[PDB]
Each structure stands twice: as C-alpha cells, then as structure tokens.
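*Asks:* Can you read through this structure? Questions will come right after.
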Amino acid sequence: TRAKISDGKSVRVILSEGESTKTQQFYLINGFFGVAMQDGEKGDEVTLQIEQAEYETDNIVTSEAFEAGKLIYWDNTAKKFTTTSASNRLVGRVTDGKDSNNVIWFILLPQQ
Amino acid sequence: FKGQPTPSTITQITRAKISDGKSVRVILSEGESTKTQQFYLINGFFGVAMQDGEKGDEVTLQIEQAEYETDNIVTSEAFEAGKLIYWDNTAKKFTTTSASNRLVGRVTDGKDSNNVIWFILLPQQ
Amino acid sequence: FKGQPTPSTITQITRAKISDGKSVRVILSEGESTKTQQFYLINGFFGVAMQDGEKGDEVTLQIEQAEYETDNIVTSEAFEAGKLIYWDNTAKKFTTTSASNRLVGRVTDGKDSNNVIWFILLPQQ
Amino acid sequence: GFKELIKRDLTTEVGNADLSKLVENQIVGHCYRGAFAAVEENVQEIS
Amino acid sequence: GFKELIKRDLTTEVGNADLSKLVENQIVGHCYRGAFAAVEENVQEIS
C-alpha cells in the first residue's frame, strides 16, 4: 500500500446544478481552480488542472494593467481574473504582462 | 591532492539546487515514532513517512504536493470534496477545524463509508 | 495562407498550459542586479537567478519548489530544522523574522557551523 | 560581412519521464545558432 | 567475522530530464551494499 495514488497534476470534480464547463477554460468548482479537460454538463464528471504551471488566458477584466509580478485573483461572480485583491480568490501571479490583445501569462498556485 | 608540487588555486563554482525536494529527512524527537505510509508532523514538515522510525533516528517524509489516500480522519466530522483539511497534532488525525491546526491539504474525494479521503497535499506553510 | 485557391475556414483549438512554469523570465530594473546561482526577488518573483544581469537585461529565476543550498543568511539568528525562512529584500539576506519580509521557504537542514542551510522553496505567494 | 554560425542545426527530442498522466510525451526542439550582420555591406533603397 | 554484502555494486543510470528546460538527464550513481563487522577479530594498539 502507498499513500500517494497519483501525482496530483489533475483532480476530478462533479458539476453542480449551477455549473457548466467547456474545454480548456478556467472554472472554480468545489474549491478547486483549474483548467477543465472535458466539456461538462450538470451532474457530470470532469477533470481540472492544478499543475502549478504557466497558463495563458485572456478571460480578464480589461480595466487595469496586469503588469508582471502582480498577483492574479479570480472573481467567481464575473468569472474573470483581476488584480482587485478583494474577497475574490487568489489563483496566480503574472509572468508576462497584458498585451494589446489582452492576453496574460500567469503561474497557477496550490489552492491554499 | 596532498603534497602537490605546485600551489594550485581552487575556484568553487556556485550551485543552489541541492535536490528535487520531493522528500526530506528529519530527526525523531523523544515522544515520537513513525510507521511506514502514515502522515506525521515532525519538525514543521508534514508528509508521508517512507521508513519505520523508532526513536532518535532519521526518517524521510514525502512532501511531494501530490494526491494522497489516507485513513486517520476524525470520523465525527464530514469531509466533503473541496473542504480544506487540517492536521490535529494533539490527536494525530485529520480535521476541518481551523482553530490552531496546520493547513495540510484540500479534499478531492469526499468522506466515503470506509473513512477514506483523497486530498491534495499543500506546500508545507 | 495568402493567395490560397479556396476560402478555407481555420478553427483554433484552445490550449491553456503555455509552459511548465518551473522558471520565469524577468527584466532587471535600475536598482537591481544578479549573478549566477544567487537568490533574488525581482518583480514579485523569488528564485535562483541562473544568469548574470545588471541593467534592463533579462534573467531567469528558478521557482521549482525544490530543495536549495543557500548560505547568505543573517548569521546572528538561529535556524533550526523546520523553521520558516523569510527573504529580507532590504538586507538581501534570508531571515526567520516575519516583520515585513516575503515568506519563501522552510529549513530542511539546520544552520551548520558555516551558516549553510538547506530549505524547500515555496510557491511564490 | 555576413557569417552564419552553426553549432547545432536542429535536434528534436521526446520524453515522458515525469509528466502528467493526461499528458502524452511532449516534443521539444532546440538549435544552437548565431549570425553576425554588418553595416559595411547594406544600402537601403526606396521603391 | 567480516562479510561484505553486495546486491548492486554500482549503477550510474541517466535520470529523468526536464525537456521543457533543456536540462540534460540527471547522472546519478547508486549502490546497494552493506557490511558486517565484529570485535572478536580486532585488537587495538597505541603507537
């Protein structure tokens, strides 16, 4: 027997009645924030990514500059990244700042 | 080289990364003892013990931040998927109470009939 | 494909994981500099500057969350195994005091006679 | 005034030593190369 | 009374590599050995 069962790069979740996820997009489901590898419907099983990896995304609020190094917070209400640092959840730090196309590179964080 | 003919100077090339960090050796304290594949908090490090330590000896803990299966949960509480896990060092059991316990993971698979949890270990903060 | 014979339609397949993210490129500001295998805090990222940089140059920081041999500590403090490690950017030295310093690691091997320390690096929160 | 420096033209390698279960063996390519340009040689025309 | 126990004398195997960093395989040595000493055999001297 071994306590370790998997490397923990990905975690499975079950979609609730108010949640629906499409492939390769960020979704906060059951406290796990990650990239869904399957297009999921209500009460369906999908797999997220918690790989602590550098991730690309443009699903951001386009109001404030995401200069490199600033912490990235995920706002579950609007379903967007932001640097508000309010009650929104912390999810990563910017590696490359926003471009003219509003694209962000950021490193995920361990879900603490 | 001892007794070398010429005083050859030595230049050290710096290095930082000493290991992968998947596991750490730790010295057992007095009132402690570990058996293999069980979680312990020894000198501030929480992880799975890979060797049977008895007393005052060296054992290695696994801090890989991977997904781990574990019994030894306070069965009174219910561990839904997504709830933060905490380590009760007094009772040597997992719990969701955040009074003064150490945050050590988050649940993936809910508390089943066999009191078994699947959870993601955390960065040892 | 400019001048293609036929009006084909291109559909992108999305992909979030741009990179493994074990290290991060960073640009030096005016009041910053680096030399190889030395720890630095540059633009909110803390890691091992694997390359030399002086002024507006690009350097890369190891953030692997592995075990690292550092030295370069505040020698007056004691560093027992398991104690948390904080980076004092003003003094550019590691320290256990948590006044206003960044939390960066936990000691795996205590401060020896030559102030050497082994410690796990933390996830840049 | 134009010297191309070819140390390693191109080498692609594949491995899955420690990758995720969902990730097949990623493919990576790299090349060591360098080029030396000059202003001794160029004249810039318009139209 | 002295026995040398060997399972693998020495094995230098190329370790896992992070291709994403272009870091070469970790050369790592490994030996599985042990010894069984005694006191019936040995006598100490001074000078």
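Residue numbering restarts at 1 in every chain; chains get A, B, ... in the order shown in the structure tokens, and ligands count up from 1 in that same order.
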Might you pull out every residue within 9 Å of residue A:93, with only C-alpha atoms counted and same-chain residues fewer than 5 positions away left off, and present them as a PDB file with N, CA, C and O atoms, in the first residue's frame?

*Replies:*
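Just written: selection_14.pdb:
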ATOM      1  N   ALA A  68       3.703  42.666 -14.882  1.00  0.00           N
ATOM      2  CA  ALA A  68       4.286  41.400 -14.457  1.00  0.00           C
ATOM      3  C   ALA A  68       4.650  41.431 -12.980  1.00  0.00           C
ATOM      4  O   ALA A  68       5.195  42.415 -12.475  1.00  0.00           O
ATOM      5  N   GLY A  69       4.340  40.336 -12.289  1.00  0.00           N
ATOM      6  CA  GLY A  69       4.582  40.198 -10.874  1.00  0.00           C
ATOM      7  C   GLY A  69       3.361  40.407 -10.005  1.00  0.00           C
ATOM      8  O   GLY A  69       3.313  39.872  -8.894  1.00  0.00           O
ATOM      9  N   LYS A  70       2.376  41.161 -10.481  1.00  0.00           N
ATOM     10  CA  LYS A  70       1.185  41.417  -9.688  1.00  0.00           C
ATOM     11  C   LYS A  70       0.379  40.137  -9.521  1.00  0.00           C
ATOM     12  O   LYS A  70       0.266  39.329 -10.445  1.00  0.00           O
ATOM     13  N   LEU A  71      -0.177  39.952  -8.329  1.00  0.00           N
ATOM     14  CA  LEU A  71      -0.978  38.770  -8.057  1.00  0.00           C
ATOM     15  C   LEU A  71      -2.274  38.815  -8.853  1.00  0.00           C
ATOM     16  O   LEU A  71      -2.855  39.882  -9.063  1.00  0.00           O
ATOM     17  N   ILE A  72      -2.725  37.644  -9.291  1.00  0.00           N
ATOM     18  CA  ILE A  72      -3.947  37.488 -10.071  1.00  0.00           C
ATOM     19  C   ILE A  72      -4.988  36.839  -9.176  1.00  0.00           C
ATOM     20  O   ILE A  72      -4.752  35.758  -8.624  1.00  0.00           O
ATOM     21  N   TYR A  73      -6.138  37.491  -9.048  1.00  0.00           N
ATOM     22  CA  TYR A  73      -7.252  36.997  -8.256  1.00  0.00           C
ATOM     23  C   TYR A  73      -8.414  36.652  -9.175  1.00  0.00           C
ATOM     24  O   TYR A  73      -8.721  37.397 -10.110  1.00  0.00           O
ATOM     25  N   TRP A 105      -0.040  35.728 -19.303  1.00  0.00           N
ATOM     26  CA  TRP A 105       0.647  34.521 -18.870  1.00  0.00           C
ATOM     27  C   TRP A 105       0.858  34.608 -17.368  1.00  0.00           C
ATOM     28  O   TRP A 105       1.404  35.599 -16.874  1.00  0.00           O
ATOM     29  N   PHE A 106       0.431  33.575 -16.650  1.00  0.00           N
ATOM     30  CA  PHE A 106       0.498  33.584 -15.199  1.00  0.00           C
ATOM     31  C   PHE A 106       0.740  32.168 -14.707  1.00  0.00           C
ATOM     32  O   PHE A 106       0.449  31.192 -15.400  1.00  0.00           O
ATOM     33  N   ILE A 107       1.277  32.073 -13.494  1.00  0.00           N
ATOM     34  CA  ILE A 107       1.595  30.801 -12.857  1.00  0.00           C
ATOM     35  C   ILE A 107       0.491  30.475 -11.864  1.00  0.00           C
ATOM     36  O   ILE A 107       0.126  31.314 -11.034  1.00  0.00           O
ATOM     37  N   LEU A 108      -0.031  29.256 -11.938  1.00  0.00           N
ATOM     38  CA  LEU A 108      -1.065  28.833 -11.012  1.00  0.00           C
ATOM     39  C   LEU A 108      -0.472  28.664  -9.615  1.00  0.00           C
ATOM     40  O   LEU A 108       0.746  28.667  -9.423  1.00  0.00           O
ATOM     41  N   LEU A 109      -1.350  28.523  -8.633  1.00  0.00           N
ATOM     42  CA  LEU A 109      -0.996  28.474  -7.224  1.00  0.00           C
ATOM     43  C   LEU A 109      -1.689  27.295  -6.558  1.00  0.00           C
ATOM     44  O   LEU A 109      -2.690  26.784  -7.071  1.00  0.00           O
TER      45      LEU A 109
ATOM     46  N   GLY C  44       8.347  40.732  -7.948  1.00  0.00           N
ATOM     47  CA  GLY C  44       7.440  39.877  -7.219  1.00  0.00           C
ATOM     48  C   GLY C  44       7.746  38.398  -7.286  1.00  0.00           C
ATOM     49  O   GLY C  44       7.073  37.618  -6.602  1.00  0.00           O
ATOM     50  N   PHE C  45       8.736  37.984  -8.073  1.00  0.00           N
ATOM     51  CA  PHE C  45       9.130  36.589  -8.200  1.00  0.00           C
ATOM     52  C   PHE C  45      10.426  36.370  -7.442  1.00  0.00           C
ATOM     53  O   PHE C  45      11.369  37.154  -7.585  1.00  0.00           O
ATOM     54  N   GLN C 124       5.709  31.053  -4.281  1.00  0.00           N
ATOM     55  CA  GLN C 124       5.671  32.434  -4.781  1.00  0.00           C
ATOM     56  C   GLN C 124       4.300  33.073  -4.556  1.00  0.00           C
ATOM     57  O   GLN C 124       3.722  33.674  -5.462  1.00  0.00           O
ATOM     58  N   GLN C 125       3.783  32.941  -3.339  1.00  0.00           N
ATOM     59  CA  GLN C 125       2.523  33.581  -2.964  1.00  0.00           C
ATOM     60  C   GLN C 125       2.779  34.940  -2.327  1.00  0.00           C
ATOM     61  O   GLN C 125       3.448  35.037  -1.300  1.00  0.00           O
TER      62      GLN C 125
END

*Asks:* For the full set of C-alpha atoms taken in order, report to one decimal the RMSD after fitting chain B onto chain C.

*Replies:*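 The RMSD between chain B and chain C over C-alpha atoms is 0.6 Å.
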
*Asks:* May I have chain D as a PDB file with C-alpha atoms, in the first residue's frame, after a least-squares superposition on chain E that uses all C-alpha atoms paired in order?

*Replies:*
ATOM      1  CA  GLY D   1      33.999 -11.810  11.506  1.00  0.00           C
ATOM      2  CA  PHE D   2      33.903  -9.533   8.428  1.00  0.00           C
ATOM      3  CA  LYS D   3      31.287 -10.318   5.770  1.00  0.00           C
ATOM      4  CA  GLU D   4      30.739  -8.031   2.782  1.00  0.00           C
ATOM      5  CA  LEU D   5      27.257  -8.192   1.247  1.00  0.00           C
ATOM      6  CA  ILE D   6      27.178  -7.253  -2.445  1.00  0.00           C
ATOM      7  CA  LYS D   7      23.644  -7.040  -3.828  1.00  0.00           C
ATOM      8  CA  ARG D   8      24.428  -4.530  -6.592  1.00  0.00           C
ATOM      9  CA  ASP D   9      27.995  -3.295  -6.966  1.00  0.00           C
ATOM     10  CA  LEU D  10      27.292  -0.092  -8.915  1.00  0.00           C
ATOM     11  CA  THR D  11      24.875   1.027 -11.619  1.00  0.00           C
ATOM     12  CA  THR D  12      24.796   4.493 -13.187  1.00  0.00           C
ATOM     13  CA  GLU D  13      21.847   5.726 -15.241  1.00  0.00           C
ATOM     14  CA  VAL D  14      20.943   8.922 -17.084  1.00  0.00           C
ATOM     15  CA  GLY D  15      17.573  10.388 -18.013  1.00  0.00           C
ATOM     16  CA  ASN D  16      15.784  13.596 -18.996  1.00  0.00           C
ATOM     17  CA  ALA D  17      12.157  12.462 -18.940  1.00  0.00           C
ATOM     18  CA  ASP D  18      10.715  15.528 -17.165  1.00  0.00           C
ATOM     19  CA  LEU D  19      13.679  17.791 -16.394  1.00  0.00           C
ATOM     20  CA  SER D  20      14.000  21.504 -17.052  1.00  0.00           C
ATOM     21  CA  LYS D  21      14.828  22.899 -20.474  1.00  0.00           C
ATOM     22  CA  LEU D  22      18.100  24.349 -19.156  1.00  0.00           C
ATOM     23  CA  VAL D  23      19.094  21.079 -17.414  1.00  0.00           C
ATOM     24  CA  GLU D  24      20.726  18.396 -19.520  1.00  0.00           C
ATOM     25  CA  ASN D  25      20.110  14.757 -18.621  1.00  0.00           C
ATOM     26  CA  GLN D  26      21.224  14.343 -15.016  1.00  0.00           C
ATOM     27  CA  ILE D  27      23.372  11.341 -14.080  1.00  0.00           C
ATOM     28  CA  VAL D  28      22.634   9.230 -11.001  1.00  0.00           C
ATOM     29  CA  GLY D  29      24.425   6.237  -9.530  1.00  0.00           C
ATOM     30  CA  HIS D  30      23.393   3.874  -6.769  1.00  0.00           C
ATOM     31  CA  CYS D  31      24.509   0.623  -5.184  1.00  0.00           C
ATOM     32  CA  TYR D  32      22.972  -1.886  -2.783  1.00  0.00           C
ATOM     33  CA  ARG D  33      25.610  -2.922  -0.268  1.00  0.00           C
ATOM     34  CA  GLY D  34      26.096  -3.943   3.332  1.00  0.00           C
ATOM     35  CA  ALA D  35      28.922  -4.852   5.678  1.00  0.00           C
ATOM     36  CA  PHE D  36      29.020  -6.745   8.981  1.00  0.00           C
ATOM     37  CA  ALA D  37      31.817  -5.723  11.357  1.00  0.00           C
ATOM     38  CA  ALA D  38      32.719  -7.147  14.771  1.00  0.00           C
ATOM     39  CA  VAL D  39      34.600  -6.678  18.035  1.00  0.00           C
ATOM     40  CA  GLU D  40      35.617 -10.372  18.154  1.00  0.00           C
ATOM     41  CA  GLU D  41      38.491  -9.616  15.747  1.00  0.00           C
ATOM     42  CA  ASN D  42      40.038  -6.189  16.444  1.00  0.00           C
ATOM     43  CA  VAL D  43      42.815  -5.099  18.798  1.00  0.00           C
ATOM     44  CA  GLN D  44      43.614  -1.379  18.892  1.00  0.00           C
ATOM     45  CA  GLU D  45      47.308  -0.450  19.039  1.00  0.00           C
ATOM     46  CA  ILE D  46      48.859   2.916  19.886  1.00  0.00           C
ATOM     47  CA  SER D  47      52.029   3.917  18.033  1.00  0.00           C
TER      48      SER D  47
END

*Asks:* Which residues of chain A come within 9 Å of chain B, and what is each one's closest atom pair and distance in Å (one decimal), counting only C-alpha atoms, sorted by chain and residue number, as JSON lines?

*Replies:*
{"residue": "A:1", "atom": "CA", "partner": "B:37", "partner_atom": "CA", "distance": 7.7}
{"residue": "A:2", "atom": "CA", "partner": "B:37", "partner_atom": "CA", "distance": 6.1}
{"residue": "A:3", "atom": "CA", "partner": "B:69", "partner_atom": "CA", "distance": 4.9}
{"residue": "A:4", "atom": "CA", "partner": "B:68", "partner_atom": "CA", "distance": 4.3}
{"residue": "A:5", "atom": "CA", "partner": "B:68", "partner_atom": "CA", "distance": 5.7}
{"residue": "A:6", "atom": "CA", "partner": "B:67", "partner_atom": "CA", "distance": 5.4}
{"residue": "A:7", "atom": "CA", "partner": "B:66", "partner_atom": "CA", "distance": 4.7}
{"residue": "A:8", "atom": "CA", "partner": "B:66", "partner_atom": "CA", "distance": 4.3}
{"residue": "A:9", "atom": "CA", "partner": "B:66", "partner_atom": "CA", "distance": 7.3}
{"residue": "A:10", "atom": "CA", "partner": "B:67", "partner_atom": "CA", "distance": 9.0}
{"residue": "A:11", "atom": "CA", "partner": "B:108", "partner_atom": "CA", "distance": 6.7}
{"residue": "A:12", "atom": "CA", "partner": "B:108", "partner_atom": "CA", "distance": 7.1}
{"residue": "A:13", "atom": "CA", "partner": "B:108", "partner_atom": "CA", "distance": 7.4}
{"residue": "A:29", "atom": "CA", "partner": "B:82", "partner_atom": "CA", "distance": 8.3}
{"residue": "A:30", "atom": "CA", "partner": "B:82", "partner_atom": "CA", "distance": 4.9}
{"residue": "A:31", "atom": "CA", "partner": "B:82", "partner_atom": "CA", "distance": 4.9}
{"residue": "A:32", "atom": "CA", "partner": "B:82", "partner_atom": "CA", "distance": 6.6}
{"residue": "A:110", "atom": "CA", "partner": "B:122", "partner_atom": "CA", "distance": 6.7}
{"residue": "A:111", "atom": "CA", "partner": "B:106", "partner_atom": "CA", "distance": 7.9}
{"residue": "A:112", "atom": "CA", "partner": "B:122", "partner_atom": "CA", "distance": 7.1}

*Asks:* Okay, now the selection with N, CA, C and O atoms, as a short mmCIF file (atom, residue, chain, number, x, y, z; two decimals), in the first residue's frame?

*Replies:*
data_model
loop_
_atom_site.label_atom_id
_atom_site.label_comp_id
_atom_site.auth_asym_id
_atom_site.auth_seq_id
_atom_site.Cartn_x
_atom_site.Cartn_y
_atom_site.Cartn_z
N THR A 1 0.83 -1.20 0.00
CA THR A 1 0.00 0.00 0.00
C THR A 1 0.87 1.25 0.00
O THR A 1 1.96 1.26 0.57
N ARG A 2 0.37 2.30 -0.65
CA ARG A 2 1.06 3.58 -0.73
C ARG A 2 0.06 4.71 -0.56
O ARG A 2 -1.03 4.67 -1.16
N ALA A 3 0.41 5.70 0.25
CA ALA A 3 -0.47 6.85 0.43
C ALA A 3 -0.64 7.61 -0.87
O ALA A 3 -1.76 7.99 -1.23
N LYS A 4 0.45 7.84 -1.60
CA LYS A 4 0.36 8.51 -2.88
C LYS A 4 -0.34 7.62 -3.89
O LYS A 4 0.03 6.46 -4.07
N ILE A 5 -1.35 8.17 -4.57
CA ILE A 5 -2.15 7.42 -5.53
C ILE A 5 -1.98 8.01 -6.92
O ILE A 5 -2.07 7.30 -7.93
N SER A 6 -1.73 9.31 -6.99
CA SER A 6 -1.50 9.98 -8.26
C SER A 6 -0.65 11.21 -8.01
O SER A 6 -0.58 11.72 -6.89
N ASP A 7 -0.02 11.69 -9.08
CA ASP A 7 0.87 12.84 -8.96
C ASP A 7 0.15 14.12 -8.57
O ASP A 7 0.82 15.09 -8.20
N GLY A 8 -1.17 14.16 -8.65
CA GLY A 8 -1.90 15.35 -8.26
C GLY A 8 -1.88 16.47 -9.27
O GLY A 8 -2.27 17.59 -8.93
N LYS A 9 -1.44 16.21 -10.50
CA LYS A 9 -1.46 17.25 -11.52
C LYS A 9 -2.88 17.61 -11.91
O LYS A 9 -3.15 18.76 -12.28
N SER A 10 -3.80 16.65 -11.84
CA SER A 10 -5.20 16.86 -12.18
C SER A 10 -6.09 16.27 -11.10
O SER A 10 -5.72 15.30 -10.43
N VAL A 11 -7.27 16.87 -10.94
CA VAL A 11 -8.23 16.47 -9.92
C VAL A 11 -9.61 16.42 -10.55
O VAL A 11 -9.99 17.31 -11.31
N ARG A 12 -10.37 15.37 -10.23
CA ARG A 12 -11.72 15.21 -10.73
C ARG A 12 -12.71 15.92 -9.82
O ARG A 12 -12.51 16.04 -8.61
N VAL A 13 -13.79 16.41 -10.43
CA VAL A 13 -14.88 17.06 -9.70
C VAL A 13 -16.19 16.67 -10.37
O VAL A 13 -16.22 16.11 -11.47
N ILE A 29 -14.53 25.10 -9.24
CA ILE A 29 -15.52 24.07 -8.94
C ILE A 29 -15.10 23.36 -7.66
O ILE A 29 -14.02 22.76 -7.62
N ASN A 30 -15.95 23.43 -6.64
CA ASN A 30 -15.71 22.74 -5.37
C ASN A 30 -14.37 23.14 -4.76
O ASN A 30 -13.61 22.31 -4.29
N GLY A 31 -14.06 24.44 -4.82
CA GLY A 31 -12.85 24.95 -4.23
C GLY A 31 -11.59 24.69 -5.03
O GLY A 31 -10.52 25.19 -4.65
N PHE A 32 -11.67 23.94 -6.13
CA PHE A 32 -10.52 23.68 -6.99
C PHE A 32 -10.61 24.60 -8.20
O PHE A 32 -11.63 24.60 -8.90
N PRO A 110 -1.18 26.84 -5.40
CA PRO A 110 -1.51 25.48 -4.93
C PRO A 110 -2.85 25.32 -4.24
O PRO A 110 -3.07 24.33 -3.53
N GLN A 111 -3.77 26.27 -4.42
CA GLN A 111 -5.15 26.17 -3.94
C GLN A 111 -5.25 26.29 -2.42
O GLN A 111 -6.20 25.77 -1.83
N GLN A 112 -4.31 26.96 -1.78
CA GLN A 112 -4.40 27.19 -0.34
C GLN A 112 -5.43 28.28 -0.06
O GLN A 112 -5.47 28.84 1.03
#

*Asks:* Tell me as a PyMOL selection string which residues belonging to chain C come within 10 Å of chain E, counting only C-alpha atoms.

*Replies:* chain C and resi 19-23

*Asks:* For atom CA of residue C:53 and atom CA of residue C:29, determine how far apart the two atoms are, in Å to one decimal place.

*Replies:*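 Distance reported for this atom pair: 10.0 Å.
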
*Asks:* I need the residues in chain A that are strand (DSSP E or B) according to DSSP; give them as a CSV table (one decimal) with C-alpha atoms, in the first residue's frame.

*Replies:*
chain,number,residue,atom,x,y,z
A,4,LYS,CA,0.4,8.5,-2.9
A,5,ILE,CA,-2.2,7.4,-5.5
A,6,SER,CA,-1.5,10.0,-8.3
A,10,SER,CA,-5.2,16.9,-12.2
A,11,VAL,CA,-8.2,16.5,-9.9
A,12,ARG,CA,-11.7,15.2,-10.7
A,13,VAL,CA,-14.9,17.1,-9.7
A,14,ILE,CA,-18.6,16.7,-10.2
A,21,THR,CA,-17.7,23.9,-18.1
A,26,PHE,CA,-10.8,28.2,-16.1
A,27,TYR,CA,-13.5,27.2,-13.7
A,28,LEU,CA,-13.7,27.3,-9.9
A,29,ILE,CA,-15.5,24.1,-8.9
A,32,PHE,CA,-10.5,23.7,-7.0
A,33,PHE,CA,-9.5,26.3,-9.6
A,34,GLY,CA,-8.1,24.8,-12.8
A,35,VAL,CA,-8.4,24.2,-16.5
A,40,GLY,CA,-19.1,19.1,-18.8
A,45,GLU,CA,-17.6,14.3,-14.0
A,46,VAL,CA,-14.8,16.5,-15.4
A,47,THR,CA,-11.0,16.8,-14.7
A,48,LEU,CA,-9.3,20.1,-13.8
A,49,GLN,CA,-5.6,21.0,-13.9
A,54,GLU,CA,2.4,28.7,-16.5
A,55,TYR,CA,-1.1,29.3,-18.1
A,56,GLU,CA,-2.3,31.5,-20.9
A,57,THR,CA,-5.6,33.3,-20.8
A,60,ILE,CA,-9.6,39.1,-17.7
A,71,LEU,CA,-1.0,38.8,-8.1
A,72,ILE,CA,-3.9,37.5,-10.1
A,73,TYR,CA,-7.3,37.0,-8.3
A,74,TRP,CA,-10.2,35.0,-9.7
A,75,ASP,CA,-13.6,36.6,-9.4
A,80,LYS,CA,-12.7,36.7,-14.7
A,81,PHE,CA,-9.2,37.3,-13.4
A,82,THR,CA,-8.4,40.6,-11.7
A,89,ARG,CA,-9.9,34.1,-4.5
A,90,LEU,CA,-6.1,34.2,-5.2
A,91,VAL,CA,-5.1,32.0,-8.1
A,92,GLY,CA,-1.7,33.1,-9.6
A,93,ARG,CA,0.9,35.7,-10.4
A,94,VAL,CA,1.5,37.3,-13.8
A,95,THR,CA,4.7,36.2,-15.6
A,96,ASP,CA,4.1,38.3,-18.8
A,104,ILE,CA,-2.0,37.1,-19.8
A,105,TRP,CA,0.6,34.5,-18.9
A,106,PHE,CA,0.5,33.6,-15.2
A,107,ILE,CA,1.6,30.8,-12.9
A,108,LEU,CA,-1.1,28.8,-11.0
